[PDB]
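Inspection log for the structure reproduced underneath, given as structure tokens.
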Amino acid sequence: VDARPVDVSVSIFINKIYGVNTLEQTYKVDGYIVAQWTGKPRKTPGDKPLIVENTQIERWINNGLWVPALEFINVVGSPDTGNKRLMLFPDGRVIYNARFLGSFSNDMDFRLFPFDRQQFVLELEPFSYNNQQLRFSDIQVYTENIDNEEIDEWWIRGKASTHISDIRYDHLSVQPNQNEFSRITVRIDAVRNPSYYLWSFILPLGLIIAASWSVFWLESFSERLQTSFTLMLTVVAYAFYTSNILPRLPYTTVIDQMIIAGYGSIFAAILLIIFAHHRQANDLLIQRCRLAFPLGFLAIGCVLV
Amino acid sequence: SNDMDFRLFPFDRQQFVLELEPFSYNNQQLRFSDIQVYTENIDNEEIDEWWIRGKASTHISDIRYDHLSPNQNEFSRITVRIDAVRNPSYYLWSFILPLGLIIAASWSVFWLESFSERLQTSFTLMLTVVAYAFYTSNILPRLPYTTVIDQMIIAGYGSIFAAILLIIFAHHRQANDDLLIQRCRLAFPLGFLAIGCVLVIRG
Amino acid sequence: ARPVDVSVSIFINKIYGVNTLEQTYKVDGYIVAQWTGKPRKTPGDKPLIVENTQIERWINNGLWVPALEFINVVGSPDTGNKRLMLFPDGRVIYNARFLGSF
Amino acid sequence: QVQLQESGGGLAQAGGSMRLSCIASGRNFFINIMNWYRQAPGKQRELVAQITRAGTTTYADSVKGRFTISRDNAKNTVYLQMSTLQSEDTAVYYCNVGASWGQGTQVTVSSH
Amino acid sequence: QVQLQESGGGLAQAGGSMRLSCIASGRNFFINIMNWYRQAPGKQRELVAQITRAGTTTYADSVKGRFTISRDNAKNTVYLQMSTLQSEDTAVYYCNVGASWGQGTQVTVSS
Amino acid sequence: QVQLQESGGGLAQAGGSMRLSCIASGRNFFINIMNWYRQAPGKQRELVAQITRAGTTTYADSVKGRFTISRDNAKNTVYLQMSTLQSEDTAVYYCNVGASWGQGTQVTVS
Ligand SMILES: [Ca+2]
Ligand SMILES: [Ca+2]
């Protein structure tokens with residue numbers, strides 16, 4: 001009196017990946033989920049496959065139809081299910097098809113922003129049935145509807161990583177091996193498009209930082225010190241301009257560091273400017289450090305890479 | 001959803017698409033015989049953000065699905081496309097125009113008498129571009145690429161930074177104040193407009 | 001009659017979305033509640049799984065499923081999948097995924 | 001709101017031939033299927049011939065081998081060639097596109 | 001959309017042996033279970049042998065001890081080693097992975 | 001996932017005394033009610049003694065006035081003092097907390 005597991009074939013169609021939330025480490029995914037298994041044979045109208053859509057699914061479940069719940073382990077909140085159907089074959093085959101839109105979570109590191117690489121994951125697992133009851137026989141992923149373009153925020157790798165594993169829950173023991181669940185894992189590699197951030201942020205910041213080094217080319221101490229404040233004010237004006245557009249993160253990115261370097265370069269120049277004016281006991285020599293500052297900056301800049 | 005390209009913003013043209021298809025029935029079981037589209041409720045005015053083309057495109061095609069397997073893998077699809085053109089009025093007057101005046105006013109640095117005045121004013125100009133770059137970004141839509149307005153800003157940064165180099169270069173170039181290169185009060189506007197023209201052909 | 005003893009397990013998956021002004025935060029996890037009711041005959045005398053929409057049909061027929069309220073929740077929490085595991089000896093295990101603002 | 005205008009019809013000869021035509025007109029529409037129906041004096045309205053945009057044709061058994069449907073997709077014009085006519089073919093012929101119908105053109109086959 | 005291609009089959013002497021093979025091809029998939037089915041001329045399609053990704057095998061009682069299922073995971077290939085063939089083993093052997101099926105290879109065991 | 005470890009048990013003379021103990025261990029738990037169950041040969045499992053965190057003690061009628069349940073709340077340790085052991089007390093005693101159970105300790109009495 002032993003019941004063999006129900007083999008479930010799964011197909012996941014990915015239509016869209018968008019709405020990345022950096023602080024929440026989440027992303028939205030629109031797609032379809034197809035699940036096929038074999039039940040007991042049945043009689044259908046005209047011996048042909050029977051289509052049962054939406055509301056009618058609940059009526060078949062009420063009348064005894066077994067339709068296991070496949071939970072998205074890493075979903076944040078209940079996904080928005082669109083149209084859904086069952087295709088009931090006379091031989092006993094059952095095909096569950098549903099459109100979904102969900103917010104999914106994954107550990108995301110944006111430290112290398114805007115040159116960061118992310119993994120968009122989907123984890124699927126039966127909610128109530130273990131290995132001996134329900135196991136995934138195969139997983140097929142389709143990412144055809146995602147095509148790489150220069151007008152795209154993210155560049156997706158067509159080669160999706162699919163895997164079927166067994167999850168052991170330490171909090172379970174029906175003691176002889178009844179604590180393992182079948183899980184489908186889909187991983188989609190993505191690379192951020194850095195074009196916008198390179199041209200609209202990094203480049204003008206490099207120009208502002210480079211133009212702040214031109215303070216040394218001013219003839220008088222009065223001009224050099226007073227101009228340093230306008231420069232400091234420019235970095236502040238820029239520090240915000242970026243903060244208002246760039247995503248919210250609990251750490252510094254490459255851009256944030258360039259901003260800090262900007263603050264330091266201007267603050268260091270303020271010290272040099274003052275030290276040179278009160279070292280003039282007879283300091284025109286030190287004032288001519290127009291090459292030292294950029295070289296020292298580019299030096300510390302290279303070690304930072 | 002539809003593939004939308006906003007690179008030519010605020011002079012971009014978009015296609016608002018509707019795709020309809022039976023969820024469970026192929027074209028051997030359920031097919032679309034005709035599609036009629038009505039957009040009369042939409043009337044174009046100067047108070048509208050978008051202007052419609054009026055002639056909506058409609059189509060009925062058969063979609064073959066690769067993952068499906070005697071021709072039981074084709075679905076009848078209705079496609080509706082509505083061409084729209086953005087109303088660029090607000091962006092031309094409140095964004096492009098004041099930006100032009102700021103960039104043009106930055107060229108007036110070559111009309112200052114002394115090197116000190118030319119170099120110090122360049123920093124106020126640089127601060128004016130930063131103050132403007134923000135004003136725009138705070139209102140203009142978030143995009144993963146640069147628009148036309150974004151490129152003007154980069155040109156402003158370049159014009160001011162290039163001016164800084166010429167202002168310094170002109171001063172320490174001669175063996176004993178190159179006020180002739182300072183007569184580039186014309187080379188900057190021209191050289192800028194020249195670079196400006198070759199940038200238009202990119203879109 | 002004597003009180004029903006309920007054993008509870010709470011699984012915390014994610015804590016995020018702190019709102020400083022509202023003094024709220026989002027918690028994603030599971031709630032598991034176990035108790036013993038009256039014995040029953042189950043198909044093949046094995047634990048019976050009752051998922052989602054089917055839970056209400058059992059409650060209508062007299063199954064006791066007490067509501068366990070989140071005292072400090074702000075608005076109705078978003079319940080994901082939910083199930084009842086009914087044992088022939090009377091044991092009842094309630095399992096549900098939740099996402100709520102606390 | 002697609003307007004259908006049938007052309008042709010009238011008296012025809014048994015064993016002869018008659019050609020009906022229909023033009024579809026409107027604003028923002030796309031036609032996939034165009035049909036020809038007929039309703040005999042005291043019978044029901046029946047489908048005679050059908051043509052898809054791809055050009056695939058289907059005929060009622062009573063007219064298969066005799067009738068021929070054709071179309072000009074760009075011009076939204078459908079034609080019906082009713083060859084080797086018979087007295088049973090006497091009916092009001094209707095052009096159809098979805099829920100739109102033509103006014104109906106009387107075809108009377110005579111064998112006097 | 002996983003494609004299954006069966007290899008081997010044909011005529012074999014009673015008491016002899018035969019090796020069936022099946023390669024699975026596709027793009028973004030992962031196979032856990034690979035099965036071998038067979039259908040006699042007047043019987044229903046029955047599960048012959050099954051193998052998991054971990055290598056655990058299960059056979060129908062009629063073939064236990066005689067047949068052997070093996071698999072190369074990386075190459076998505078399943079093998080069915082039929083030994084001590086009998087007249088009852090005369091059937092069309094099918095390769096199966098979830099909803100996908102092989103074309104079906106005939107195995108005629110004669111005397 | 002709360003582990004229960006029972007101690008004591010063994011042979012006892014009819015009318016003597018025997019003390020059982022149970023220590024509960026785990027990570028992020030809190031115990032309110034600790035129970036003592038026993039199962040004599042052939043008979044059905046029965047509840048013996050129950051102690052709440054607040055100190056309320058309840059007993060089965062068969063042991064009321066002979067058995068005493070005590071507990072150290074901080075140490076998650078429950079005790080069962082079995083005095084005037086009748087021959088009916090022959091059973092395997094289980095320590096229970098919610099759904100968790102102890103391995104069971106035999107308590108035979110001549
Ligand atoms: Ca794209
Ligand atoms: Ca209007």
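By convention here, the chains of the structure tokens are called A, B, ... in the order presented, each chain's residues are numbered starting at 1, and ligands are numbered starting at 1 in the order presented.
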
| request: Apply DSSP to the backbone of this structure and, from region 34-89 of chain E, keep only the residues in strand (DSSP E); write these as a list in words. | output: residues 34, 35, 36, 37, 38, 39, 46, 47, 48, 49, 50, 51, 57, 58, 59, 67, 68, 69, 70, 71, 72, 77, 78, 79, 80, 81 and 82 of chain E

| request: Could you tell me, counting only C-alpha atoms and all ligand atoms, which protein and nucleic acid residues lie no more than 7 Å from ligand 1, written as a count of residues only? | output: 7

| message | Using only C-alpha atoms, which protein or nucleic acid residues come within 10 Å of region 95-102 of chain E? Drop anything in the same chain fewer than 6 positions from it, and give the result as a ChimeraX atom specification. | response | /A:7-10,35-38,93,95,136-139 /E:1-7,20-24,31-38,47,49-50,78-80

| Which is closest to residue 15 (chain D) among D:75, D:112, D:43, D:27, if we use only C-alpha atoms? | D:112

| message | With only C-alpha atoms considered, list every residue of chain A at most 6 Å from chain B, as a PyMOL selection string. | response | chain A and resi 153+196+234+241

| query | Which polymer residues have any atom within 6 Å of an atom of residue 191 (chain A), counting only C-alpha atoms, with same-chain residues fewer than 2 positions away left out, as a PyMOL selection string? | reply | chain A and resi 117+154-155

Using only C-alpha atoms and all ligand atoms, which protein or nucleic acid residues are at most 10 Å from ligand 2, as a PDB file with N, CA, C and O atoms, in the first residue's frame?
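Writing the result to out-v1.pdb gives the following:
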ATOM      1  N   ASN B  41     -14.010  59.600 -29.031  1.00  0.00           N
ATOM      2  CA  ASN B  41     -13.960  60.239 -27.715  1.00  0.00           C
ATOM      3  C   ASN B  41     -12.669  60.998 -27.488  1.00  0.00           C
ATOM      4  O   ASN B  41     -12.658  61.947 -26.705  1.00  0.00           O
ATOM      5  N   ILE B  42     -11.611  60.640 -28.238  1.00  0.00           N
ATOM      6  CA  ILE B  42     -10.330  61.338 -28.194  1.00  0.00           C
ATOM      7  C   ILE B  42     -10.322  62.402 -29.295  1.00  0.00           C
ATOM      8  O   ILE B  42     -10.465  62.076 -30.480  1.00  0.00           O
ATOM      9  N   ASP B  43     -10.187  63.670 -28.891  1.00  0.00           N
ATOM     10  CA  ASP B  43     -10.125  64.801 -29.805  1.00  0.00           C
ATOM     11  C   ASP B  43      -8.919  65.625 -29.438  1.00  0.00           C
ATOM     12  O   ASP B  43      -8.686  65.907 -28.258  1.00  0.00           O
ATOM     13  N   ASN B  44      -8.101  65.930 -30.449  1.00  0.00           N
ATOM     14  CA  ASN B  44      -6.850  66.661 -30.292  1.00  0.00           C
ATOM     15  C   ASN B  44      -7.015  68.157 -30.067  1.00  0.00           C
ATOM     16  O   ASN B  44      -7.741  68.837 -30.800  1.00  0.00           O
ATOM     17  N   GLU B  45      -6.327  68.652 -29.027  1.00  0.00           N
ATOM     18  CA  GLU B  45      -6.316  70.051 -28.620  1.00  0.00           C
ATOM     19  C   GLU B  45      -4.918  70.420 -28.114  1.00  0.00           C
ATOM     20  O   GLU B  45      -4.052  69.551 -27.962  1.00  0.00           O
ATOM     21  N   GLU B  46      -4.710  71.716 -27.857  1.00  0.00           N
ATOM     22  CA  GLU B  46      -3.469  72.258 -27.318  1.00  0.00           C
ATOM     23  C   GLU B  46      -3.360  71.966 -25.816  1.00  0.00           C
ATOM     24  O   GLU B  46      -2.286  72.134 -25.238  1.00  0.00           O
ATOM     25  N   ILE B  47      -4.470  71.528 -25.190  1.00  0.00           N
ATOM     26  CA  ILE B  47      -4.536  71.185 -23.761  1.00  0.00           C
ATOM     27  C   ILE B  47      -4.187  69.704 -23.496  1.00  0.00           C
ATOM     28  O   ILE B  47      -4.236  69.243 -22.349  1.00  0.00           O
ATOM     29  N   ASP B  48      -3.873  68.963 -24.570  1.00  0.00           N
ATOM     30  CA  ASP B  48      -3.557  67.546 -24.492  1.00  0.00           C
ATOM     31  C   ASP B  48      -2.060  67.331 -24.545  1.00  0.00           C
ATOM     32  O   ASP B  48      -1.386  67.924 -25.388  1.00  0.00           O
ATOM     33  N   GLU B  49      -1.545  66.468 -23.651  1.00  0.00           N
ATOM     34  CA  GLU B  49      -0.131  66.093 -23.591  1.00  0.00           C
ATOM     35  C   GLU B  49       0.314  65.368 -24.878  1.00  0.00           C
ATOM     36  O   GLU B  49       1.441  65.555 -25.348  1.00  0.00           O
ATOM     37  N   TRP B  50      -0.587  64.561 -25.448  1.00  0.00           N
ATOM     38  CA  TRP B  50      -0.322  63.794 -26.655  1.00  0.00           C
ATOM     39  C   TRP B  50      -1.325  64.106 -27.728  1.00  0.00           C
ATOM     40  O   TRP B  50      -2.476  64.437 -27.430  1.00  0.00           O
ATOM     41  N   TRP B  51      -0.884  63.998 -28.978  1.00  0.00           N
ATOM     42  CA  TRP B  51      -1.720  64.231 -30.139  1.00  0.00           C
ATOM     43  C   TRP B  51      -1.792  62.953 -30.926  1.00  0.00           C
ATOM     44  O   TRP B  51      -0.761  62.388 -31.278  1.00  0.00           O
ATOM     45  N   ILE B  52      -3.003  62.483 -31.185  1.00  0.00           N
ATOM     46  CA  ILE B  52      -3.212  61.236 -31.906  1.00  0.00           C
ATOM     47  C   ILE B  52      -3.159  61.479 -33.411  1.00  0.00           C
ATOM     48  O   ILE B  52      -3.396  62.605 -33.862  1.00  0.00           O
TER      49      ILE B  52
END

Which residues of chain A come within 10 Å of chain C, and what is each one's closest atom pair and distance in Å (one decimal), counting only C-alpha atoms, sorted by chain and residue number, as a tab-separated table?
residue	atom	partner	partner_atom	distance
A:1	CA	C:44	CA	9.9
A:23	CA	C:17	CA	8.2
A:24	CA	C:16	CA	6.4
A:25	CA	C:16	CA	9.3
A:58	CA	C:53	CA	7.6
A:61	CA	C:54	CA	8.0
A:62	CA	C:54	CA	7.0
A:67	CA	C:51	CA	9.4
A:68	CA	C:51	CA	8.1
A:69	CA	C:81	CA	7.4
A:70	CA	C:81	CA	8.8
A:71	CA	C:81	CA	7.2
A:72	CA	C:81	CA	9.7
A:73	CA	C:97	CA	9.8
A:74	CA	C:13	CA	9.0
A:75	CA	C:28	CA	9.5
A:76	CA	C:28	CA	7.2
A:77	CA	C:99	CA	5.6
A:78	CA	C:80	CA	5.2
A:79	CA	C:80	CA	8.5
A:105	CA	C:14	CA	9.1
A:127	CA	C:81	CA	7.3
A:128	CA	C:49	CA	7.2
A:129	CA	C:49	CA	8.6
A:171	CA	C:9	CA	9.9

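For residue 42 (chain C), the non-local neighbours within 9 Å, defined as residues at least 2 positions apart in the same chain or in other chains and counting only C-alpha atoms, are residues 40, 44, 45, 46, 47, 48, 86, 87 and 88 of chain C.
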